[PDB]
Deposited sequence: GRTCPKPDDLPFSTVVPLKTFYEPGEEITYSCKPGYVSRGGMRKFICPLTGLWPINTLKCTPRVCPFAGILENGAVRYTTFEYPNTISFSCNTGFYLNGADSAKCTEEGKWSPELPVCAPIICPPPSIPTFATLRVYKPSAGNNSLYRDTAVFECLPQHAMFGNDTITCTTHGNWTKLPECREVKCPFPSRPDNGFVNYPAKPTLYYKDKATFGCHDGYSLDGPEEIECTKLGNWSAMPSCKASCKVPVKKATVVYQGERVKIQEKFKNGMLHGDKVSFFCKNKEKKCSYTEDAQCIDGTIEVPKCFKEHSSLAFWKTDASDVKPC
C-alpha cells in the first residue's frame, strides 16, 4: 500500500523517530529545540492509510528572558531579550559594576550570570603624612569620600612638601600618592661688598625665610632685592652690589629701551650696573646713521669707537637711518 514519506523539517524543531518513509499506523513527534517553545507544545502524528502527513500548526519561537534594558546608574547593550542572546552592562561615571559585565538568556529562559547592579565608588578617609595638616577635606558619603573627591595637605612651618598637596579618590577606592613634608634649613647669606644684608634675628634659617639686600650710594644690586630659603636648602639668589658708571659723555642722543633719550637727561645721576644704551654713528659712504651698544659694567662703560661727540655740523643721531 501507501507509505508516508520523510516528514517536513520545521524551524527550531526535531522529529522523532526520523525515517525516510513510514507504514500507515506509525507515530512521529515534533518537539521544539531546547531554548524554544510553541503554541500547543509537542505535535504527534500517525501516518494515515493515504500516505499524507496532515497539516502541522507547530511554530517554535525563542524563550524570552525577563526585560533587562534598565541598569540604575548605567547602560545595557542589547538587541532582544530572547534565547540565546547576550546583553552587556557598564556603569555611569562614579559607579562600579557589582556583578558580571554580561549575561546570556539560557535555554530555560533566565539570565546567567544573574543581572548585576551599579554601586558608588568610595574611598575611606585618607591618612595624614608626617609633619602635615589636612587643610581641605570633608566626607561626601557617610565618613567616606566619592570618586574624584580631593584632599589637600599643607606642611608644618619650616617644612617643604615634596610631591604634591592634592590627593584624589580613585576608581580602586584608594587615594593617589601622598606627599612628604621635611624640615629644610638654609645657611646665613653673605653681606655683599659695598652693600648690606638683612635677615631675621635667630640661630638657624628655614624654608621660606627671606633676606633683603641693599647697596651704598654709587652701587646697585645685580639681582633681586629679596631672596628666600628654597626647598633644596639653598637661596633663590645671592645678589652682589656693583659700581654705577659716570655719564661717559657730555651730550648725546642715545637709544635706551627702544626710545631716544638725552643721555645727559636720562642718566643725570649716572648709569646703574647693567644699564644698556645705543650711540648713533655715521656711515660716511652712504651718508646715513647706525647704532652700536654700550653697557655699564661695574663702574665701566665703553662708548663705541665710531661715536663722535660734537663740541655747526650734524649729529649722527639727526641723520636718516641706513
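According to the record, C-alpha coordinates are lacking for deposited residues 312-315 and nowhere else.
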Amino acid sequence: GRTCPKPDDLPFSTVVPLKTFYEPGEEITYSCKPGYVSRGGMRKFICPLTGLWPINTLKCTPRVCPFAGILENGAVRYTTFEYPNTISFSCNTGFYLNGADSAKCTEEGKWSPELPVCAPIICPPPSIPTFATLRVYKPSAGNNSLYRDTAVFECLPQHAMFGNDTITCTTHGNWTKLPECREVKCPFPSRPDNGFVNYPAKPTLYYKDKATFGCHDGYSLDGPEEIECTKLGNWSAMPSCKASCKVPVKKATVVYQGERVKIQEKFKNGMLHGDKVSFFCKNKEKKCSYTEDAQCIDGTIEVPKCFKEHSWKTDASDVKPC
From here on, numbers count along this sequence of modelled residues.
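We call the rigid core the largest set of C-alpha positions that still match within 1.5 Å between the two forms.
In 6 other deposited structures of this protein, superposed by the rigid core, the C-alpha atoms of 169-177 lie farther from the shown form than the other of 169-177 and 148-156. The mean Cα B-factor in the deposited entry runs higher for 186-194 than for the other of 95-103 and 186-194. The stretch with the higher mean CA B factor, choosing between 299-307 and 6-14, is 299-307. Highest C-alpha temperature factor among 248, 125, 200, 113, as the PDB entry reports it: 200. As recorded in the entry, 288 carries the highest CA temperature factor of 263, 68, 288, 49. Annotation for residue 151: C-alpha temperature factor in the middle third relative to the rest of the modelled chain, per the entry. Ranked by Cα temperature factor within the chain, residue 75 sits in the lowest third according to the deposited record. Among the modelled residues of the chain, residue 252 sits in the middle third by CA temperature factor in this PDB entry.
When the modelled residues of the chain are ordered by C-alpha B-factor, residue 81 sits in the lowest third. Per-chain ranking of the deposited C-alpha B factor places residue 40 in the highest third.
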